[PDB]
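Each of the two blocks below gives one form of the same protein chain as structure tokens; they are labelled structure 1 and structure 2.
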Structure 1
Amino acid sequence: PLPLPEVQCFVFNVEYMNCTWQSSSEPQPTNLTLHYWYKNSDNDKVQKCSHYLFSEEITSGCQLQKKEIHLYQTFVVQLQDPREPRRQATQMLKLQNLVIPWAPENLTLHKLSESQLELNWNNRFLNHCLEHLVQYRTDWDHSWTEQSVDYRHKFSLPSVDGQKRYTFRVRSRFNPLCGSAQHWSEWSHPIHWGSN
């Protein structure tokens, strides 16, 4: 019995969830089926995917809407090959570890004092469920300088080279107060300060 591809699910900002799988490496082209339910709760009924995703004219994923998302009850997906029913796979996922928030937005800088800067931003998400990573660099820097930030979502730079141009960017993660996701959001739109 040829092994089915692994299903990877991510909950994007708790607005929807894409559950995808690599459609390639399959000898015969097939539309794989996906069913799902949640353990315990009142959602333990087998659901058919109501929104299949397609890559190269075959099923490559499934999308669930917000109302079908339950972070704190185990999510169960069943992938199956309709042409060979024996090929069936079940995965049990913890969605609170699989939340990926949207990138932070509205980055702003303001002068706290001489040669001191404060970076602020917004997230389209409940604040305390997020941690952050701030990165900055000058045009001379080989790589980014970074510093972790918690749910306060502020950042101060106490020593600034006034002769150099800085770039700031921030990303966010659903960790560790409401879940323990390892993956980070994409980087925010960057902003600049000063000039060379």
Structure 2
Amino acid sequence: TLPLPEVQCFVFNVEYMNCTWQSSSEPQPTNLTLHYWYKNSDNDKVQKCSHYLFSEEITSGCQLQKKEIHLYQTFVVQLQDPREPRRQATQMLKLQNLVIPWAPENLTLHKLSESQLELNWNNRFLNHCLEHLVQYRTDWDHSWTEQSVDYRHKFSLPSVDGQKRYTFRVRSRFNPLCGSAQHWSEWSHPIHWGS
């Protein structure tokens, strides 16, 4: 046993991918190299990284472009020690479970009655693929009230106390229609429904 750092991959709004590892957990700083290919498919050829991320003059990650991304095909990566080959760690990743989307945008509120208001927001690209968490609170609440929301990007508030002051926010996630991603986006810029 002579372990190699676990590699992490995140696909950022399906625009690109960061793969990283923290290397410093090994005597002798080492420029570790990364290769990848897609399993049981067309172009099951091995690929060098060609775009290395560094940390203190020692490789630390690898950024892949959209062209190189194929969700829905099993992505196989391998960390390789340059001096001793006989020590390599490979993993099979499901890229469609590692998408983080960007934060919801253009948060807007509008009344559909004196006492009823509705909240809308935008997401950069994916849409039919995302689900969301809405969180709101007043000046009176000791915590948030959340509620998950399907592909509609609407949230009803059928009963508002016009006297309280409301703080709204949303985050999105690539699940469960086009992927089974588990990590959420950053929160949106919050908005308020005033005194």
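Here, residue number means position along structure 1's sequence, counting from 1. By rigid core we mean the largest C-alpha set that fits within 1.5 Å across both forms.
Enquirer: Superpose the two forms on their rigid core, then report whether the C-alpha of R87 is displaced by 2 angstroms or more between the two structures.
Expert: Yes, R87 moves 2 Å or more.
Enquirer: Following alignment on the rigid core, what Cα displacement (Å) is computed for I58 between the two structures?
Expert: On core superposition, this C-alpha lies 1.7 Å from its counterpart.
Enquirer: Relative to the superposed core, report the C-alpha shift of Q28 between the two structures in angstrom.
Expert: A shift of 2.1 Å.
Enquirer: With the core fitted, just quote the Cα shift at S180 between the two structures, in angstrom to one decimal.
Expert: Shift of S180 at C-alpha, rigid core superposed: 0.5 Å.
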